[PDB]
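S.K.: The structure under discussion is supplied below as structure tokens; questions concerning it will follow.
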Amino acid sequence: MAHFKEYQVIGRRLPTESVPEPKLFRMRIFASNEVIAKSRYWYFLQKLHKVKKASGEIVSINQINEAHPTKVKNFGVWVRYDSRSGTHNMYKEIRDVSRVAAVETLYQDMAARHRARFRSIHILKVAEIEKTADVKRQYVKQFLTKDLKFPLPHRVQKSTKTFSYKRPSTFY
Amino acid sequence: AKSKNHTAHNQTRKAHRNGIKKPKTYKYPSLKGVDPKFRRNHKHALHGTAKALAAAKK
Amino acid sequence: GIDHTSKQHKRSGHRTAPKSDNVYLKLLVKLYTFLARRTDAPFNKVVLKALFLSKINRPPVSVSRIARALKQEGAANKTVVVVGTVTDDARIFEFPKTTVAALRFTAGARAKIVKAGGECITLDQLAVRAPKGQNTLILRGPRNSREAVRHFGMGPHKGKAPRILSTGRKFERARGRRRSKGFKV
Amino acid sequence: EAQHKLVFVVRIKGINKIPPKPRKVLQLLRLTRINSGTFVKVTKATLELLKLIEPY
Amino acid sequence: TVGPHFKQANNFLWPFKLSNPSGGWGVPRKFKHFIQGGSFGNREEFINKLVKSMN
Amino acid sequence: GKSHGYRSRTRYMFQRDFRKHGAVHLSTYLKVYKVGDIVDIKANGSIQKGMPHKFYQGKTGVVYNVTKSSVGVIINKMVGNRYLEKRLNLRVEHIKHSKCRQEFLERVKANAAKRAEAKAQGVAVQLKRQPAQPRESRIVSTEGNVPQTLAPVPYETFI
RNA sequence: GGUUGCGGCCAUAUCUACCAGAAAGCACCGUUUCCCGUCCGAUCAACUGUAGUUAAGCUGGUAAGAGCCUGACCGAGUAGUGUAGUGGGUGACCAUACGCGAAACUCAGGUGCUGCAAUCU
RNA sequence: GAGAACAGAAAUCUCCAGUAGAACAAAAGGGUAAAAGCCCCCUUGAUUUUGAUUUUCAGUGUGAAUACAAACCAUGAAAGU
RNA sequence: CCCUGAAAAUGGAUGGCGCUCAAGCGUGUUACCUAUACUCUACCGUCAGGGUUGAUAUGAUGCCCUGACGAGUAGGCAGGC
RNA sequence: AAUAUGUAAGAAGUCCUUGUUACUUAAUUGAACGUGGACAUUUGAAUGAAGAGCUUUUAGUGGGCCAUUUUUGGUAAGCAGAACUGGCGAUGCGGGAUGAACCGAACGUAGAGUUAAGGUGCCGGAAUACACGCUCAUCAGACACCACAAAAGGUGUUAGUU
RNA sequence: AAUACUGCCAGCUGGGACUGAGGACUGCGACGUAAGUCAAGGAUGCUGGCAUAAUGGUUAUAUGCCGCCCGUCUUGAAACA
RNA sequence: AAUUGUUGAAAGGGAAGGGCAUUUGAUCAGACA
Ligand SMILES: [Mg+2]
Ligand SMILES: [Mg+2]
Ligand SMILES: [Mg+2]
Ligand SMILES: [Mg+2]
Ligand SMILES: [Mg+2]
Ligand SMILES: [Mg+2]
Ligand SMILES: [Mg+2]
Ligand SMILES: [Mg+2]
Ligand SMILES: [Mg+2]
Ligand SMILES: [Mg+2]
Ligand SMILES: [Mg+2]
Ligand SMILES: [Mg+2]
Ligand SMILES: [Mg+2]
Ligand SMILES: [Mg+2]
Ligand SMILES: [Mg+2]
Ligand SMILES: [Mg+2]
Ligand SMILES: [Mg+2]
Ligand SMILES: [Mg+2]
Ligand SMILES: [Mg+2]
Ligand SMILES: [Mg+2]
Ligand SMILES: [Mg+2]
Ligand SMILES: [Mg+2]
Ligand SMILES: [Mg+2]
Ligand SMILES: [Mg+2]
Ligand SMILES: [Mg+2]
Ligand SMILES: [Mg+2]
Ligand SMILES: [Mg+2]
Ligand SMILES: [Mg+2]
Ligand SMILES: [Mg+2]
Ligand SMILES: [Mg+2]
Ligand SMILES: [Mg+2]
Ligand SMILES: [Mg+2]
Ligand SMILES: [Mg+2]
Ligand SMILES: [Mg+2]
Ligand SMILES: [Mg+2]
Ligand SMILES: [Mg+2]
Ligand SMILES: [Mg+2]
Ligand SMILES: [Mg+2]
Ligand SMILES: [Mg+2]
Ligand SMILES: [Mg+2]
Ligand SMILES: [Mg+2]
Ligand SMILES: [Mg+2]
Ligand SMILES: [Mg+2]
Ligand SMILES: [Mg+2]
Ligand SMILES: [Mg+2]
Ligand SMILES: [Mg+2]
Ligand SMILES: [Mg+2]
Ligand SMILES: [Mg+2]
Ligand SMILES: [Mg+2]
Ligand SMILES: [Mg+2]
Ligand SMILES: [Mg+2]
Ligand SMILES: [Mg+2]
Ligand SMILES: [Mg+2]
Ligand SMILES: [Mg+2]
Ligand SMILES: [Mg+2]
Ligand SMILES: [Mg+2]
Ligand SMILES: [Mg+2]
Ligand SMILES: [Mg+2]
Ligand SMILES: [Mg+2]
Ligand SMILES: [Mg+2]
Ligand SMILES: [Mg+2]
Ligand SMILES: [Mg+2]
Ligand SMILES: [Mg+2]
Ligand SMILES: [Mg+2]
Ligand SMILES: [Mg+2]
Ligand SMILES: [Mg+2]
Ligand SMILES: [Mg+2]
Ligand SMILES: [Mg+2]
Ligand SMILES: [Mg+2]
Ligand SMILES: [Mg+2]
Ligand SMILES: [Mg+2]
Ligand SMILES: [Mg+2]
Ligand SMILES: [Mg+2]
Ligand SMILES: [Mg+2]
Ligand SMILES: [Mg+2]
Ligand SMILES: [Mg+2]
Ligand SMILES: [Mg+2]
Ligand SMILES: [Mg+2]
Ligand SMILES: [Mg+2]
Ligand SMILES: [Mg+2]
Ligand SMILES: [Mg+2]
Ligand SMILES: [Mg+2]
Ligand SMILES: [Mg+2]
Ligand SMILES: [Mg+2]
Ligand SMILES: [Mg+2]
Ligand SMILES: [Mg+2]
Ligand SMILES: [Mg+2]
Ligand SMILES: [Mg+2]
Ligand SMILES: [Mg+2]
Ligand SMILES: [Mg+2]
Ligand SMILES: [Mg+2]
Ligand SMILES: [Mg+2]
Ligand SMILES: [Mg+2]
Ligand SMILES: [Mg+2]
Ligand SMILES: [Mg+2]
Ligand SMILES: [Mg+2]
Ligand SMILES: [Mg+2]
Ligand SMILES: [Mg+2]
Ligand SMILES: [Mg+2]
Ligand SMILES: [Mg+2]
Ligand SMILES: [Mg+2]
Ligand SMILES: [Mg+2]
Ligand SMILES: [Mg+2]
Ligand SMILES: [Mg+2]
Ligand SMILES: [Mg+2]
Ligand SMILES: [Mg+2]
Ligand SMILES: [Mg+2]
Ligand SMILES: [Mg+2]
Ligand SMILES: [Mg+2]
Ligand SMILES: [Mg+2]
Ligand SMILES: [Mg+2]
Ligand SMILES: [Mg+2]
Ligand SMILES: [Mg+2]
Ligand SMILES: [Mg+2]
Ligand SMILES: [Mg+2]
Ligand SMILES: [Mg+2]
Ligand SMILES: [Mg+2]
Ligand SMILES: [Mg+2]
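Going down the list, the sequences are from chains A, B, C, D, E and F. The opening residue of the first sequence carries number 1 in the entry's author numbering; numbering runs sequentially from there. The opening residue of the second sequence carries number 2 in the entry's author numbering; numbering runs sequentially from there. The opening residue of the third sequence carries number 2 in the entry's author numbering; numbering runs sequentially from there. The opening residue of the fourth sequence carries number 78 in the entry's author numbering; numbering runs sequentially from there. The opening residue of the fifth sequence carries number 190 in the entry's author numbering; numbering runs sequentially from there. The opening residue of the sixth sequence carries number 2 in the entry's author numbering; numbering runs sequentially from there.
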């Protein structure tokens, strides 16, 4: 949807005479700005409680900065998505350095692999994976072997002028 | 040779050009269609209270 | 591109100078724009307009409609003002004194006014006597006393005089004008 | 915080192919041409006006 | 402040004639909601960056 | 051919209300109408005589005439690009007094009081109606009321 | 509070099965000379208030009663719907954005209120 | 539904239940239960005068209709109709 | 996503060339290009609101200030050649 | 239900006092119309208002067609017929190569600027820009309206479910 | 502590482009102890070139991009009307 | 006038003519002082 921020959002059915101080419910929402994030908040709240923006009220809307933004983390991600033929539940695993960075690339993968646009996707849970060997998918497990190294063959260097008088070399 | 039969297309366009005029309102409306027996007596009523008020500037 | 809310380039639809070509009329109009621009008196603004009115909208004021106006309480010394011609009325037998200012006085009414001891002022002598129109009583003639307005709005159940040339029975008085010949109006 | 009571509205959409109802409300809000804008006081009776013209 | 005379004060002002945003609109297509990645609707305090470029 | 009779299309319009058939209750004829009263028209299927045309159903008007069993109600039907005046001769069963004016009257007498009591106090009135203003600021308490965090739920079927 | 006459709203008053009902009133009840009506004094009319009875009518109470009425973040923000896009899909259709929003369901509570006049342990 | 000689699936007689499941000339749809239905009683208002009104509409005509006015009558104890 | 399912008549069309970690499909971020639209200015016209008969020079249907507006068949009117 | 739709939100108002009559009441009862008196702009929501009202006369037209949504007949139609709006017709300008109706935007003569829809390898003004995936087709694919493809198959490869 | 991010300043400041309508005074101000001054109701100062086909107009040609036959009837015409 | 001959100038790879713009060639007004 853009580059993502993560918000804590809090709202509560409008106070009534006979029921003042209603319950307060929170969601963590991944959106690109605070306006979309409250649109989203209300989107899901109406999928659980009887409320709608018209009869409720946001109480607090707060960015949640990554606690350890240079600590490489193995994330497990849980997602609901509709495909063309129907609607399904997935679990993927993203190895990035901050929840917000990873939710970003999830959305890329869903779009690339399963053609799911943003509207069709429900993040259900994103959480850090504490022990290794709770990592399931192998496209992550690769990157947790000990003393790991790898080269980057066939190096291509972006030419700056239209012509060239050498003849390139993909060496690295 | 058949041709089109009916449409209200574009008719509200036209009606709104010069208005849809509000119904117009007058103090002292017409007594048209009022009960005759009422009006007969009421003709005499106004006559009377007319006369009393000229007797108030005599 | 503007979504217009009103017709564009619309003329105000009020006359601006008399359509007449009378020199003298344009002079009175000259006098009275000046008066109306530099006096703040309403009477001048009214008078300025009436000078533009076409002959329809200048129905004659009868000498007897004047005599009536002077019978209003506290109106009998006022100097009546008529922006049009003033016609004689042989049906009043006693005419009061007073001063009438008009564009025209007919031979007949100028007599009846002067005879009874009054005075006939042209509208510029009136300007000199009363730049703010002090003590004036403007009279208008009856506009819908015109014959043509009998035929306006003709239609069913409107009671409104058919445009007819010859009249009498045999002349638009049967079918559609009586219960026994088809219907009535 | 208190809900805002003032709002500023600019017409985004051009002049033509507009349905009659939003089209009146654009006139009443004095936004009759593209990219002009006016201030609006927020009340029920005008919050319901803004709703009617959000596409524009 | 929306004072007692906001009606007469605000109406005293002619509609503001702004130019197009000077850096562009930010979205690819305008006639979607702000929430859906277009320009229309209530974008809340993001109106200020819009308007300031149109002034 | 086509059909366009005087009561055409009124199948449900003139039906009777569920479990509410029968004689009309005796207050309908105890209500009293005066020239100027605002009344609502709703035809009673059970009373055929003195019945409005389907057009005047749901329509409100003013009485201009009061006869033995009936009221004359003038109504402005808009034909063409204009409104015409239509007088209807209804019977008391099809008319009813409109509360569309009660709110007004309830507000007039109230407005007089608010004005007399304030004047005899020391001006400062303000008695026009104002729309709904936005909410003011407020401080909501967390005490006994911690935010219960929610997430969307996965997909299921249960059929 | 009961009852009676005349009511208003017209089931929270209706329906089904039991039980209770003091006083007064209602009631059922006795008679056929008279007015009056019947195949039939059953209904209708008259006469008695005497000769009898709470059996019924009537009023009230019971029931995991039927019905009915009311409420509810019960279902359901569901179904439907107004508005928007050069949104998805071969289509059928479907998500989304700004709004409005049911019915069934489920659980809870309830079972006539009351106006005028007369009367009553 | 339960009952009565011939009498049977259907003749006539009686009781219980019965919201209309019938009938109301006719197509159909509304409407109607001490009635709008069935039985009886008395009638001619299906009459006289001329306007207004609603539908269709041009707010013309026609057809059909509504509420009064002014008569003369019908019915009913009567309010009424 | 790709392949199979997948048959028409002159030669041939993602508009063309051509493109394959795309110059293809999904998706995100920027910058960039340009409508008779938008903002500012000049001029022309149209409409509107003001000001100005004070002589002793030259337009009073004039002169001066100010704002807004400008698509057009059939058709109307205007002012001109 | 939604959307549509009737009426009301005051000076033609509200309240006191008590006149006129042949209607009306058992009745100076009521009904209708009044004389006299009390209360002003927070006088009774919002927003707008290049003003509001009115009159006369007259042209052209009375083949329409298209789009979204609702919708009838037909297997269907670039078919036939309705509903509301918007359009074309009467209309150029930018985009969709092309094109009456789609998108954008409605035109006095010009300058400078910024944009829309749509684009930016080259044709062609404008990043052979950045980022993560996917796809290799011995008839790949490539942007709404739009110039079509289905059931059913694949141990091609990609992520998923139990 | 710092930084990012978002917002504010009636903070300072460089490069580039287009325009220069108006023609005495008059207004609202600003700087000055002051006298005066000013960027405050629309460009002036200084210097140079040519005084000519140099600039400009017309025209013919070339080049970039664009441009279908007019009239008509028609829902629709460049039409294989 | 259509249309034609001669002379002069100029352009022409399946029409011609037109719009905005500028080069080149030809031609000309005005203004300097
Ligand atoms: Mg959302
Ligand atoms: Mg929802
Ligand atoms: Mg979803
Ligand atoms: Mg590069
Ligand atoms: Mg034919
Ligand atoms: Mg046809
Ligand atoms: Mg036709
Ligand atoms: Mg005139
Ligand atoms: Mg007159
Ligand atoms: Mg005459
Ligand atoms: Mg005439
Ligand atoms: Mg005649
Ligand atoms: Mg406003
Ligand atoms: Mg909203
Ligand atoms: Mg920049
Ligand atoms: Mg730029
Ligand atoms: Mg942009
Ligand atoms: Mg785009
Ligand atoms: Mg700017
Ligand atoms: Mg039919
Ligand atoms: Mg029907
Ligand atoms: Mg009848
Ligand atoms: Mg007893
Ligand atoms: Mg009896
Ligand atoms: Mg008993
Ligand atoms: Mg008992
Ligand atoms: Mg009883
Ligand atoms: Mg029960
Ligand atoms: Mg759904
Ligand atoms: Mg919808
Ligand atoms: Mg769509
Ligand atoms: Mg299907
Ligand atoms: Mg919704
Ligand atoms: Mg349930
Ligand atoms: Mg037997
Ligand atoms: Mg028949
Ligand atoms: Mg029937
Ligand atoms: Mg009865
Ligand atoms: Mg029978
Ligand atoms: Mg007859
Ligand atoms: Mg008619
Ligand atoms: Mg007519
Ligand atoms: Mg008519
Ligand atoms: Mg009509
Ligand atoms: Mg006729
Ligand atoms: Mg007729
Ligand atoms: Mg009829
Ligand atoms: Mg792919
Ligand atoms: Mg071929
Ligand atoms: Mg292809
Ligand atoms: Mg390509
Ligand atoms: Mg291309
Ligand atoms: Mg891409
Ligand atoms: Mg940038
Ligand atoms: Mg353009
Ligand atoms: Mg231009
Ligand atoms: Mg301009
Ligand atoms: Mg002038
Ligand atoms: Mg024009
Ligand atoms: Mg001219
Ligand atoms: Mg001439
Ligand atoms: Mg609903
Ligand atoms: Mg409405
Ligand atoms: Mg008297
Ligand atoms: Mg008074
Ligand atoms: Mg108002
Ligand atoms: Mg409002
Ligand atoms: Mg205003
Ligand atoms: Mg005005
Ligand atoms: Mg005409
Ligand atoms: Mg015809
Ligand atoms: Mg005609
Ligand atoms: Mg449809
Ligand atoms: Mg068709
Ligand atoms: Mg359209
Ligand atoms: Mg049109
Ligand atoms: Mg058009
Ligand atoms: Mg167009
Ligand atoms: Mg184009
Ligand atoms: Mg486009
Ligand atoms: Mg195309
Ligand atoms: Mg678009
Ligand atoms: Mg659109
Ligand atoms: Mg090419
Ligand atoms: Mg290029
Ligand atoms: Mg770049
Ligand atoms: Mg191929
Ligand atoms: Mg093949
Ligand atoms: Mg082939
Ligand atoms: Mg290929
Ligand atoms: Mg599509
Ligand atoms: Mg398949
Ligand atoms: Mg596969
Ligand atoms: Mg699955
Ligand atoms: Mg900053
Ligand atoms: Mg600053
Ligand atoms: Mg200058
Ligand atoms: Mg100058
Ligand atoms: Mg100083
Ligand atoms: Mg200065
Ligand atoms: Mg020279
Ligand atoms: Mg020389
Ligand atoms: Mg030259
Ligand atoms: Mg020279
Ligand atoms: Mg030279
Ligand atoms: Mg030069
Ligand atoms: Mg030559
Ligand atoms: Mg040439
Ligand atoms: Mg071309
Ligand atoms: Mg031609
Ligand atoms: Mg044809
Ligand atoms: Mg045509
Ligand atoms: Mg065509
Ligand atoms: Mg043509
Ligand atoms: Mg052809
Ligand atoms: Mg060739
Ligand atoms: Mg040229
Ligand atoms: Mg000189």
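Even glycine gets a Cβ: it sits at the ideal position worked out from N, Cα and C.
Would the segment 125-145 of chain C count as touching the segment 61-70 of chain C if we require 3 or more Cβ pairs under 8 Å?
M.R.: yes
S.K.: What is the residue span of the alpha helix (DSSP H) that C/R130 lies within?
M.R.: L124 to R130
S.K.: Are the CB atoms of F/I96 and F/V40 nearer to each other than 9 Å?
M.R.: yes
S.K.: What does E/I236 reach in chain D if we use C-beta pairs closer than 7 Å?
M.R.: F85
S.K.: Could you tell me if F/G145 is buried or exposed, where buried requires 16 or more neighbouring beta carbons within 10 angstroms of its beta carbon?
M.R.: exposed
S.K.: With a cut-off of 9 Å, does the C-beta of D/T120 fall near any C-beta of chain C?
M.R.: no
S.K.: Where does the unbroken alpha helix (DSSP H) through A/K125 begin, and where does it stop?
M.R.: First-last for A/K125: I121 to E128, but that is the beta strand (DSSP E), not the alpha helix (DSSP H).
S.K.: Quickly, what does DSSP pair C/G142 with across the bridge? List them, please.
M.R.: C/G142 is not bridged to any residue.
S.K.: Using only the alpha-carbon positions, how far apart do C/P163 and C/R179 sit?
M.R.: Counting only the Cα atoms, C/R179 lies some 15 Å from C/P163.
S.K.: With the cut-off set at 9 Å, would you say D/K82 and F/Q134 are in Cβ contact?
M.R.: yes
S.K.: Any idea if C/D22 is buried or exposed, counting beta-carbon neighbours within 10 angstroms, 16 or more meaning buried?
M.R.: exposed
S.K.: Let me know if F/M14 comes out buried or exposed under the rule of 16 or more other beta-carbons within 10 Å of its beta-carbon.
M.R.: By the beta-carbon neighbour count (other beta carbons within 10 angstroms, threshold 16), F/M14 is exposed.
S.K.: Roughly how far, in whole angstroms, is the beta-carbon of F/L91 from the beta-carbon of F/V67, given that I think they are within contact range, below 8 Å?
M.R.: That belief does not hold up - the Cβ atoms of F/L91 and F/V67 are roughly 11 Å apart, past 8 Å.
S.K.: Measure from the C-beta of D/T109 to each C-beta in chain F and report whether the shortest distance is under 9 Å.
M.R.: no
S.K.: Taking only the alpha-carbon atoms, compute the straight-line gap between F/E157 and A/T105 and give it to the nearest angstrom.
M.R.: The alpha-carbon of F/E157 is positioned some 26 Å away from that of A/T105.
S.K.: Any beta-carbon of chain A closer than 9 Å to the one on E/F223?
M.R.: At least one chain A Cβ lies under 9 Å of E/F223.
S.K.: Is B/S4 helix, strand or coil by DSSP?
M.R.: coil
S.K.: By Cβ distance below 7 Å, which residues in the same chain neighbour C/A110 in space, the five residues on each side in sequence not counted?
M.R.: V64, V87, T88 and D89
S.K.: Return the residue from the list A/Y107, A/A67, A/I121 and A/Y7 that minimises the CA-CA distance to A/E34.
M.R.: Selected option, being the one with the closest Cα: A/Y7.
S.K.: Have a look at A/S32, A/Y91 and A/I10 and flag the residue whose alpha-carbon is nearest the alpha-carbon of F/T150.
M.R.: A/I10
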